[PDB]
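Descriptive structure summary
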Amino acid sequence: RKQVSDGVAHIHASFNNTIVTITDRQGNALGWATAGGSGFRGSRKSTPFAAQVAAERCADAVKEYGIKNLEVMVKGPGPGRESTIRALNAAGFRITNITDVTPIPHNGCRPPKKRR
Amino acid sequence: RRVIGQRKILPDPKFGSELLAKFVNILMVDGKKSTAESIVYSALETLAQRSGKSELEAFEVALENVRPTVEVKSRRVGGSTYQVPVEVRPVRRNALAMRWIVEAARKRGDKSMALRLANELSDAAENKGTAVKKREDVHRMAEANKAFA
RNA sequence: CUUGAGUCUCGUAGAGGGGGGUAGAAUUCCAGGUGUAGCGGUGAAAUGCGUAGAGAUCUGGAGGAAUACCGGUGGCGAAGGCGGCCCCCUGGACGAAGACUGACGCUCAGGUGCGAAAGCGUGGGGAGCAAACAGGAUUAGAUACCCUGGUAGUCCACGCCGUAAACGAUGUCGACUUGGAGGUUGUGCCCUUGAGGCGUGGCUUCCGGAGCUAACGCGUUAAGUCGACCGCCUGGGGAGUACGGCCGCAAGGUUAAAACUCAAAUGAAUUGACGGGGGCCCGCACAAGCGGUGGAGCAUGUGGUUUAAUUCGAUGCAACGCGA
């Protein structure tokens, strides 16, 4: 729609999945596409190359807003997820800040059990 | 762990060419020095009969386009066998070039070894034959897949 | 008689307990938007939210849930245990000086009290998370992992029970003990001559010295040398088991056997193998290059086959131009 050229990106670096959402500084959704939404399933979707191709198929379709500079923060214990932000940097999204806002529990919610 | 210097070969007693002595040794089998000399010297004289000048640099200008620059050497690190492309030394480039030159002279399709090799020298001088084919073949397998380099 | 024990004055550190709300991330719900075909989770998959339009963030709010950042073998307590924030009542320890009592003290079967978690009764909340549980997906049964959901349950008051590797497997009160380095609470002397060095109190953590122990090991906090008191053990299995007594809404708990079986059971520390761990090197063992065995014909041996008999031995790198 409008011209942005400078926004922000929030990622959900899950264990077996990856979510991305780009926003223009106020909560408007611009770009978003997971791994399991482009015919990519199985462990093939669990590779950093899947993050590469997710970034690519986001960027080639969301340039309707014209973003050149981008803010981002790495979020989640995702294996190899700086690759997708470097692909954004390679997708024409000239990066401006790389930080981490991973929400750590404050022993407010009891952590669930894991594989025995 | 062992390391030594290259074998002290005697240069060619006629033209004084150590790199060509290395070639006439690469080619020689069963130690038939006399017949091997009598065929290669005659074929290189047939090279003077081919162009009509003092053929001494023609060998070098022909081999300038059959020397490789990239080689693959398999090294299994990290599960599978990686290819690890590595540069080839010029002193080994000359050897490999002469190897590709000699590994196509026998299947030329001429009357005799001397004749077919005299023809193949001029052939590789203008970038044709199995030698140049293998040169391009090794140039494309290595460093064109730099993701592994 | 006053050193033990207490009493007085002033301060130090504080996650000891109630009662109250309080702020931030988060995450279920509610509404408004902006935007679009997807989200959601598996070594894969499917289940499950979506075309009046799904997630996801923006604005705000309800719900309950515990306080990361200080966070520290860091502090506190008789033990069991305590962490956002503040207050009232207090529970305990320590420090700086000066003064009083007359032995008032330590231990302690019963008894009383406190007492991890799990397990109940009454009255409530229960957002998220999580024993059981429906069901889906590979499936001659998966009832076992993996995934979204989920009952008590964690939470809140009043009451039930008293069991743990409740361990420092080391009961309590004391007398005399060579050092170093730090954790934490002190404050004196002389010049605070930017946070100054020496002596003087405590509680502690990592090493070792004589000493003790079967060894490991303990070693100013003793498992060192001694004084006073309480509990526990007399081979293993049955077994902390039946029958009892008491307690208990229930689970059962406490005290607590015998007939029968065996000749062992058990702690430390060497020397050993497990079969892969983990690391360091040799050998044409590999990678680069040469001719080769395997393609073909012929000589020769081996197993089969054949026969009246086709004489015997030999068999993975070490059997097959081997005895010959």
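A brief structural summary.

**Observations regarding the pattern of salt bridges**
Residue and element names in this part refer to chain A. With the rule as written, the count across this model stands at nine salt bridges over all chains. The salt bridge involving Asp24 is made with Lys2; its shortest N-O contact spans 3.0 Å. With a gap of 22 residues between them, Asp24 in the loop between β2 (18-23) and β3 (29-31) and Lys2 in the segment before β1 (8-13) connect regions that are remote in the sequence. Its relative accessible area of 48% is what places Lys2 among the partly exposed residues. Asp24 is paired through a salt bridge with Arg25; the nearest N and O atoms lie 2.8 Å apart. Residue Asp24 is classed as buried on the basis of its relative accessible area, which comes to 6%. Judged by relative accessible area, which is 52%, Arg25 ranks as exposed. Residues participating in the shared-partner salt-bridge network are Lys2, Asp24 and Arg25.

**Let's talk about the nonpolar core**
Counting residues in hydrophobic clusters, the biggest one holds 22 residues, and the most contacted among them are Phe23(B), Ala43(B), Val66(B), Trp100(B), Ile101(B), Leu117(B) and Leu121(B). Of all the secondary-structure elements, those providing two or more residues to this core are α2 (33-51), α3 (58-63), α4 (90-102), α5 (113-125) and α6 (130-141) of chain B. The residues contacting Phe23(B), other than those within four sequence positions of it, are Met98(B), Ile101(B) and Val102(B). Core analysis: the second largest hydrophobic core is formed by 18 residues, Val4(A), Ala13(A), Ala55(A) and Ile85(A) among them.

**Notes on the environment of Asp60(A)**
Residue placement: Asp60(A) occurs in helix α1 (residues 48-62). Note on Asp60(A): relative accessible area 63%, which makes it exposed.

About the thresholds
- Residues numbered from 1 in each chain as written, not as in the entry; some residues may be left out.
- Chains lettered and ligands numbered in written order.
- Part of a larger assembly, values for the part shown.
- Heavy atoms only, no water.
- Salt bridge = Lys/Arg side-chain N within 4 Å of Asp/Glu carboxyl O.
- Helix = DSSP H or I, 4+ residues; strand = E, 2+ residues; numbered from the N terminus.
- Buried < 20%, exposed > 50% of the residue type's maximum accessible area, 1.4 Å probe, protein only.
- Core = buried A, V, L, I, M, F, W, Y, C linked by side-chain atoms within 4.5 Å.
- Contact = heavy atoms within 4.5 Å.

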